[PDB]
Amino acid sequence: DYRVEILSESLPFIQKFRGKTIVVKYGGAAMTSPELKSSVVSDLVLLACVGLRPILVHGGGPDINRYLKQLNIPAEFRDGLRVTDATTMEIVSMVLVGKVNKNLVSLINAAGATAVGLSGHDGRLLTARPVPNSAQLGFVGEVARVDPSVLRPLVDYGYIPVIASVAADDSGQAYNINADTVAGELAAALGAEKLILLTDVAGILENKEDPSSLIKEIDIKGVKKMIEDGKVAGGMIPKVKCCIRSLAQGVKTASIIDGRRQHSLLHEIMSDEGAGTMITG
Amino acid sequence: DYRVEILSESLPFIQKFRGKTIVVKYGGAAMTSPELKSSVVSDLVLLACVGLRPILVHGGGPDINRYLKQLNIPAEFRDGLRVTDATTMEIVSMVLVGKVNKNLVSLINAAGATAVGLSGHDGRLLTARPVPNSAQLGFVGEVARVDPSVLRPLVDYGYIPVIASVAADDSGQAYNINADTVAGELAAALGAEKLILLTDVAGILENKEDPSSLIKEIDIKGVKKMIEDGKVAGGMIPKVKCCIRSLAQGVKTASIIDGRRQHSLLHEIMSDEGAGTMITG
Amino acid sequence: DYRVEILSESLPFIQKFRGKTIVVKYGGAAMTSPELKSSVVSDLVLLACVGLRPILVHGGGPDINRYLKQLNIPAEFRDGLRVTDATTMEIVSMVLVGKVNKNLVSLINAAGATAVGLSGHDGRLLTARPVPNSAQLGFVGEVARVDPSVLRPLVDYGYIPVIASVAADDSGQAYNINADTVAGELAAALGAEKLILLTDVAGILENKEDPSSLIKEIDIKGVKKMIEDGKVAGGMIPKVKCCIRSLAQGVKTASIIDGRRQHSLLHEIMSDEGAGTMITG
Amino acid sequence: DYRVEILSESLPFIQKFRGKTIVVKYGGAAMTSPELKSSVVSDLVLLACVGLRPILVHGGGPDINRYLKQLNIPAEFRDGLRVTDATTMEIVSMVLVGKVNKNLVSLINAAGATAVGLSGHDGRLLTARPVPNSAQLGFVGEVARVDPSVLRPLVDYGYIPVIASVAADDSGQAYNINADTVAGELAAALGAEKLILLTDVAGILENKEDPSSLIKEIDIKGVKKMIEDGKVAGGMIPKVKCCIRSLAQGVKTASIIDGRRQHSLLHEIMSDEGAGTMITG
Amino acid sequence: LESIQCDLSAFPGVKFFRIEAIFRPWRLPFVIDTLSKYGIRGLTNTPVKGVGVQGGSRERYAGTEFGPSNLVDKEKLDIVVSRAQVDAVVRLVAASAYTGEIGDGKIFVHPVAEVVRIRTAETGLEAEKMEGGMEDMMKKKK
Amino acid sequence: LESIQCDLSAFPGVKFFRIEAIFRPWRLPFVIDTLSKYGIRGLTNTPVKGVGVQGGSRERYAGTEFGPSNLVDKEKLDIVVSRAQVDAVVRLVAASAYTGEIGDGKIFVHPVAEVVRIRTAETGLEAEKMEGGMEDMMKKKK
Amino acid sequence: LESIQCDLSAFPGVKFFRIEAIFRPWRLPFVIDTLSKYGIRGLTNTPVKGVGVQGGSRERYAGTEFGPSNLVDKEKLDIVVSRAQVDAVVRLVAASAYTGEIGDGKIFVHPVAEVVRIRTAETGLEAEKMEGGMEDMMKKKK
Amino acid sequence: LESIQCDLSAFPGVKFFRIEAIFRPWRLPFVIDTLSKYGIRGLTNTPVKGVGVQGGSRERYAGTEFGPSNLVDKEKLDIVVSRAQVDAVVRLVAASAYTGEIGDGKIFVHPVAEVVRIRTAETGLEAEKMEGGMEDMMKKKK
Ligand SMILES: Nc1ncnc2c1ncn2[C@@H]1O[C@H](COP(=O)(O)OP(=O)(O)OP(=O)(O)O)[C@@H](O)[C@H]1O
Ligand SMILES: Nc1ncnc2c1ncn2[C@@H]1O[C@H](COP(=O)(O)OP(=O)(O)OP(=O)(O)O)[C@@H](O)[C@H]1O
Ligand SMILES: Nc1ncnc2c1ncn2[C@@H]1O[C@H](COP(=O)(O)OP(=O)(O)OP(=O)(O)O)[C@@H](O)[C@H]1O
Ligand SMILES: Nc1ncnc2c1ncn2[C@@H]1O[C@H](COP(=O)(O)OP(=O)(O)OP(=O)(O)O)[C@@H](O)[C@H]1O
Ligand SMILES: Nc1ncnc2c1ncn2[C@@H]1O[C@H](COP(=O)(O)OP(=O)(O)O)[C@@H](O)[C@H]1O
Ligand SMILES: Nc1ncnc2c1ncn2[C@@H]1O[C@H](COP(=O)(O)OP(=O)(O)O)[C@@H](O)[C@H]1O
Ligand SMILES: CC(=O)N[C@@H](CCC(=O)OP(=O)(O)O)C(=O)O
Ligand SMILES: CC(=O)N[C@@H](CCC(=O)OP(=O)(O)O)C(=O)O
Ligand SMILES: CC(=O)N[C@@H](CCC(=O)O)C(=O)O
Ligand SMILES: CC(=O)N[C@@H](CCC(=O)O)C(=O)O
Ligand SMILES: NC(=[NH2+])NCCC[C@H](N)C(=O)O
Ligand SMILES: NC(=[NH2+])NCCC[C@H](N)C(=O)O
Ligand SMILES: NC(=[NH2+])NCCC[C@H](N)C(=O)O
Ligand SMILES: NC(=[NH2+])NCCC[C@H](N)C(=O)O
Ligand SMILES: NC(=O)CC[C@H](N)C(=O)O
Ligand SMILES: NC(=O)CC[C@H](N)C(=O)O
Ligand SMILES: NC(=O)CC[C@H](N)C(=O)O
Ligand SMILES: NC(=O)CC[C@H](N)C(=O)O
Ligand SMILES: [Mg+2]
Ligand SMILES: [Mg+2]
Ligand SMILES: [Mg+2]
Ligand SMILES: [Mg+2]
Ligand SMILES: [Mg+2]
Ligand SMILES: [Mg+2]
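Residues numbered from 1 in each chain as written, not as in the entry; some residues may be left out. Chains lettered and ligands numbered in written order. Part of a larger assembly, values for the part shown. Heavy atoms only, no water. Residues with missing side-chain atoms left out of burial classes, pairs and counts.

- Regarding how it was determined, this PDB entry cites X-ray crystallography in its header, along with a resolution of 2.85 Å.

- As recorded in the PDB entry, chain E goes by NITROGEN REGULATORY PROTEIN PII and comes from Chlamydomonas reinhardtii.
- As deposited in the PDB, this entry carries the title "N-acetylglutamate kinase from Arabidopsis thaliana in complex with PII from Chlamydomonas reinhardtii".

- With the PDB entry as reference, chain A is termed ACETYLGLUTAMATE KINASE, CHLOROPLASTIC, source organism Arabidopsis thaliana.
- Annotation of chain A in UniProt includes, under Catalytic activity, the sentence "N-acetyl-L-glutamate + ATP = N-acetyl-L-glutamyl 5-phosphate + ADP".
- Per UniProt, chain A has the following entry under Subcellular location: "Plastid, Chloroplast stroma". (UniProt positions renumbered as here; feature names shortened; annotations may be inferred.)

Re the overall build of chain A
Alright, step 1. The helix and strand inventory of chain A stands at 11 helices and 14 strands.
Alright, step 2. Over its C-alpha atoms chain A spans a radius of gyration of 18 Å, differing by no more than 12% from the 19 Å that the globule rule assigns to 281 residues.
Alright, step 3. Pairs at least 24 apart in sequence give 73% of the contacts found in chain A among residues at least 6 apart. (Helix = DSSP H or I, 4+ residues; strand = E, 2+ residues; numbered from the N terminus. Rg over C-alpha atoms; globule rule 2.2 N^0.38 Å. Contact = heavy atoms within 4.5 Å.)

Points about the site of ligand 4
Residues and elements named next belong to chain H.
Alright, step 1. Lining the immediate surroundings of ligand 4 are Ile22, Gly50, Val51, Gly52, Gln54, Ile102, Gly103, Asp104, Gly105, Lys106 and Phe108.
Alright, step 2. Between ligand 4 and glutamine 54 there is a distance of 2.7 Å, counted from an oxygen atom to a side-chain nitrogen or oxygen.
Alright, step 3. Within the side chain of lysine 106, one N or O atom sits 3.2 Å away from a nitrogen atom of ligand 4.
Alright, step 4. Alone, ligand 4 offers 610 Å² of accessible surface; in the complex the protein occludes 69% of this.
Alright, step 5. If you tally residues by element for the shell around ligand 4, the top one is strand 6 (residues 105–112), at three residues. (Near = heavy atom within 4 Å. Polar contact = N/O pair within 3.5 Å; in protein donor to acceptor, adjacent residues only side chain to side chain. Areas by Shrake-Rupley, 256 points an atom, 1.4 Å probe, with all protein chains shown as cover.)

Focus: a nonpolar patch on the surface
Residue and element names in this part refer to chain H.
Alright, step 1. Taken together, the side chains of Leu1, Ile4 and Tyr98 make up a nonpolar region of the molecular surface, amounting to roughly 300 Å² of accessible area.
Alright, step 2. Residue placement: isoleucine 4 occurs in the segment before strand 1 (16–23).
Alright, step 3. The class of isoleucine 4 is partly exposed, set by a relative accessible area of 31%. (Patch = residues over 30% accessible without salt bridge, like charges linked within 9 Å, V, L, I, M, F, W, Y side chains within 5 Å. Salt bridge = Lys/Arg side-chain N within 4 Å of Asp/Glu carboxyl O. Buried < 20%, exposed > 50% of the residue type's maximum accessible area, 1.4 Å probe, protein only.)

Take a look at the structure:
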């Protein structure tokens, strides 16, 4: 019976964010399982049905890494960013757009909603430029422009967008862009209310060896000191960075949460506690 | 925590009726009780947030009777319909529209949604004609026409409509129309998916003395044989007539449920079991 | 024959205000008769057919007073405003919305146009707040907000709005607001061209005992001195006040005219003389 | 100078197909060659500028084979269709969508137009089902449904759609669909005027040994007798089947042309002669 | 209802009849499914409007009540079948469209002279017969 | 016109006929009212398009002139009645649709074998008869 | 196809028949032109939807594949002609609609009792005959 | 920056200054609220666009990066105050607009000669002073 009286209790939470845009980035690393994966899409679909306007940005570094091993291609990361030569770029685009992006679209469609998967090339949604030390990193990109024109009619027609983090410069050259970075600029480009980063840790950790050292809430000055002090590192760097860049452009909140906790996305939005580290201040 | 894993479990129910219209009649018991009152508006507001398009039609015979006693022109009823002279008509419109309708609008507005209360005169939503027994009942009306034009833009703008069961003929004379009838014809006029009637019983029983003889679901031919065979009777025969008339005009389902129970409207929609007797075409 | 050559002569007058919004307040006191009443609705319908966009705001103090006598409830006015306890508030809403508002809607519908009657609660058209000396006056309201969203689609669809002067604060409590006041703020909220007040006197009178002491035209400094000097009084105070408040917010003219003169509304607009006192300056 | 008197001479050809949809399949030879590549995108872009509404559908069997060799899971074909297990399916989607599709989008964007690359999953543009011979081919799909909703707003906004021939069934399983088939059913779904297939031959010959025995134009009954009578055969019989299936569903014309030649697509449209075999209803 | 019997006695010799049913638009899918379950899968739908005024009652559609002169929406279904199948088909349509209220519908039966399938040029019995249809289902049941 | 006579002599025995009239769309309400005044209140309307090209003249619709191959809008009315009522019904339709210009319309009469009312399961004469209808009006006039 | 022969032997005496053809919507203009070239210029079009499910195959319309219970768009053409012209007209429609794929269409032939031209009150042969039509063209060829 | 000090030493004698602040649009409400809490409630907003290109870096707005010659949206606030209040107001705006990133904004201070309130015709100190404002709040705090 009374499993209804608990649906009732969620009204205030649903009302609070009715109508608002929410950019969710699904970490490649949180994609540990066909079933976890489908719990995340369930959560997205629920948010859409209930009146929020969610947008999925995904990564896929491990899926990429697995194909690089199979094809006998060495891999490198520097401060959370993949060194990317021409050959590797082609593989990146192949896995992110041709495997991950469609795997997710495919799942949403089968959950009774409808998705559209786009890369930055599609409708010129993103324009890339190189990074200063491509010297070292090769074809790694920074986001020069976001043109969200193409998303307007898709959201109007009710489709959920699913975005892959590759794009080209104006001359037509492909670049590999860290998915956190794309998520954050896309959020700013749409004046979104929230940016939410689902990864494979509880949140940001005081100290990365200890999973109970979760920081529940933190401001910008604080988290910048953490990057200096050396406390965030590798792939958590472009995570925190993209939160800061985003907040500074007007996104009201940004959170980092565990993708592999059942229904982490829902806990984060539909409760006061939240489900990881929230940034602002 | 668990409050969330149970919100998640409602997705299927939310998806099933997304976008569909639902005419709900509120009356009798549920209407006096303030806890059932605000618990019924909470249910409406949730259904709208979650994607259904609900419409409230209300009654108010008990509050009408109070004013008639005060004015020493006490109620007179025949077979559940109020005998309505010109003086009484004016009091009926005064209470239904100017007290009940606005009380309900007022509550919904304060629950963070936005309502618009209409009578049948407004936008010519309803056109009445004298009932077959005018000669005894006076100004009691049958519904001659429904024009839902005026509701199209109000549902588009997101307003929740709240309807009071009075109207006029073309010559401009007011009539008192039974609110179950208005709810049923309105549902048919909109092609609604459901018509739901809050009453003061469990719904329809095999045998009226035993309250555990609830019929959970039943079709037209089945419920007609029940009237013929006597096995339900009384204050229920009219209610069942307006369900039949409604279903035969294309309404997909019609349920009679126990307005006495907390959150009855939610149980009926967000569960397989339901919260009364359902009647299909 | 030549009763056409006089229709021709009205072209300049019709052209002058083509397309403009005109808020007309129908005084409860001008509602002396089924037939006068219908001459006023005729005039509204004509204005609509001929290209103006009229909006009706009505009062109803005598209809209210009559029910208060019947129900044995004492009545009081202070400086033109009704002392309003909870019981009286309920009666006010009952008569204004459930009797007067629908009587007028009903009449317009029967004159071949279509009306929609709204109170301030409907679509949150008005938000009230108490008045500083509710101390004395009880639930009497000042207009805190006007949100005309709900009127936009109704005028678009061609409906004539008919507005009753009750509303609620944000907490959902009802308030009784003087209909002149509502008319004037509604006019400002819509940038209306004109506000026209139909009452039961020739206009504003030099001296209220003498009906030939009509002031034909007067400016703000002048009419304010009249309120001080004591020359306007009782129910003529919130009449003049609401003209001033309205003009100051950008309404170009405001007039006070006799509701019981056949076709007073028409004379006021379709002639240079006018049909009462005009305010500006 | 003269460059102009010859642009003038194309007016009739431009006018004839103004506003009409045109599904073009790009494959095989033309696709490897970079000069034929960019010369085919130049032709598309011109047709869009000039007023036709073109749609690109591409193949990519040669690039798929390259990756399969690299991964020691070499291609297997029966009657022109690729045997496709789950592993192979993933590689097919990876290459078609993540490499070829985006390479083409990328080129068009850099040629001063704007493309949007879709697979059949995106917007549920295509729904697949197992092909009659699944038992041998595994995950090879026939087109069960086309839903072109998602293309309406993209053509309205002026985007050029570029389609990759993979999709899913309703249960969410991916299938590999032959790109000629997708082009043909898509044309029928849109009521296109033309379907054009870039192949590696002159089109259809009287007698396969002689290449000057090109049939310039032919109707259905005529081309069916040709299959019956053996006079064309081989890799051409399927191509001709998808033309027939397309024409019978309302596509006005279908041509098979020599993708080997520079600017073949332009010759076919901007000249009477054409650039291969045309087949009418 | 499940035992109506049509009178074809003015058309002896005639092999084919057209069952033309006119009923409530929202019944259309239930009728078509019923006919499909029983092997009737050659049929033609036309949306139409009509009037069926008996006495002074007034039928109720879209919540409003229609009388003399007011066209009301209906769906029509034309089904051509062989003489033997007529009573059965009539019964299925009647039963699945039925509600009990005025405006439920009318069924008319018309004689047909010839049937031709365009794809194959088949005529008569060969043209009217559908693979997997009522006839075949009864042979599989026999 | 008010004395047309249809030839039903190739259908002896047959009790019911379908009067199918095709005419100008703006006539529809006048035709339906005429039939209602005279007790015909069971009828079915379908909007259609047609061609009726005699010689080389060209009919005029929506201010423009249509010839061979150009479909032009018409309204169709199907009325099933009993043998006795056929000539009268044909005359009413003809008379009320008439204007005098080409494209005025055509009327066809078809044999019908059976009539069934779904609500009641009535057949034949009982199904075809309408309470208050032409038949009853003539008995009230007798 | 160009030599189909309809069986009218259950309708001896009958002078007029209705050829009712149901086929693919995009064929409509080719069919109408073919009939015009040959002197058939009195015809009526109705857009309709239908089902023609043989076995377990599924017809393909708008790129998608329709089976049992899925209505698919078709265009219908009703042509009333005199007995002599029936086989010829059937052949023309069949031939011009044909493609070879399932869902190509069906043709039905129905008996007709009377024909009336509203403008003139002509009946029977005079009403059915069209100036410039097939009949006249054959007399000009004779 | 909690302790910025403006240089008004070229304007001895001057009683009034206009503080003109140009910053990020989404900061507008936080800046207005901070000023309201401290008693600044006379201010004027104008949406503008600007350029502030230092070196070869490029500020980031709406996800995209803007350099030389690309206007970028900002909100402007003009606040006229008396000499004593200038440093405080400048510090409040700076502190509440701040984010740390390029394009955060600039504040300019300008001399003002006279202030007039239209409703009352008050001038100077009387016109600039607001009831319930900073000045009055400091007297209640004293
Ligand atoms: N004689 C008739 N000829 C042509 N169409 C008819 C005839 N009778 C009925 N129809 C068509 O059938 C529809 C349904 O008729 P309806 O169900 O009203 O028949 P009825 O005889 O009045 O039975 P009921 O009394 O149950 O209403 C009408 O709206 C009309 O489309
Ligand atoms: N033989 C026919 N078969 C089917 N439909 C017909 C036939 N003749 C006419 N129609 C239909 O009737 C409509 C009206 O025909 P129309 O009034 O043109 O007939 P007509 O014989 O040419 O007489 P008129 O010379 O007065 O025009 C046509 O548009 C078509 O819908
Ligand atoms: N017995 C029938 N009665 C009524 N309408 C029919 C019948 N058979 C076919 N139709 C109509 O004809 C259309 C075309 O039928 P279709 O071409 O599918 O016939 P078929 O017998 O299945 O031949 P094919 O096997 O070539 O498809 C259907 O969509 C329907 O509108
Ligand atoms: N010298 C100036 N004159 C007029 N307006 C200016 C001037 N400098 C800046 N602005 C305005 O102020 C806005 C913000 O300037 P901005 O924040 O870029 O200052 P800046 O000098 O580059 O410092 P920062 O390095 O923090 O970017 C500009 O977009 C422009 O609107
Ligand atoms: N202080 C920290 N707290 C949490 N994680 C950290 C910290 N410093 C580094 N990390 C690492 O950063 C990674 C962030 O994810 P990354 O590897 O880019 O994955 P994704 O982007 O797919 O979530 C975590 O898996 C964790 O191992
Ligand atoms: N100087 C004045 N001129 C005209 N009327 C006045 C004056 N002073 C007071 N009044 C009174 O003000 C009343 C205004 O109407 P009120 O009683 O509120 O009625 P309503 O608002 O229904 O028109 C008039 O009926 C009149 O008796
Ligand atoms: C004509 C007629 O009977 N009108 C009713 C309308 C109220 C209603 O229908 O609601 P309850 O379920 O609360 O009674 C009345 O006059 O009382
Ligand atoms: C199922 C199947 O055969 N799929 C093809 C799709 C590519 C194509 O169709 O294009 P080309 O003309 O360049 O070969 C494949 O797997 O190779
Ligand atoms: C440059 C870079 O690090 N790109 C990421 C993109 C995917 C992700 O963010 O998960 C990569 O792993 O290649
Ligand atoms: C507060 C107040 O005076 N309300 C008015 C409202 C009606 C009117 O203005 O005529 C009253 O009479 O109660
Ligand atoms: N530590 C956290 N994650 N807090 C999140 C705040 C939760 C709140 N529902 C929000 O969306 O703003
Ligand atoms: N016994 C019932 N009334 N059940 C109602 C059906 C269940 C479902 N929630 C619905 O509204 O369709
Ligand atoms: N004393 C007056 N009432 N003057 C009214 C001015 C008349 C003019 N028709 C107007 O609407 O502006
Ligand atoms: N042989 C050919 N394919 N000719 C094509 C026809 C010519 C014309 N440009 C067209 O597209 O219609
Ligand atoms: N209309 C139809 O479906 C006819 C079916 C055919 N008589 C069969 O049974 O095979
Ligand atoms: N189509 C009809 O209206 C038939 C009416 C019936 N013959 C009657 O006269 O009662
Ligand atoms: N339907 C028709 O076109 C009939 C034509 C007529 N039989 C003629 O040949 O003149
Ligand atoms: N801009 C302002 O608000 C000036 C405030 C004024 N100096 C006061 O403190 O009263
Ligand atoms: Mg990462
Ligand atoms: Mg008053
Ligand atoms: Mg009927
Ligand atoms: Mg003609
Ligand atoms: Mg078929
Ligand atoms: Mg700068």
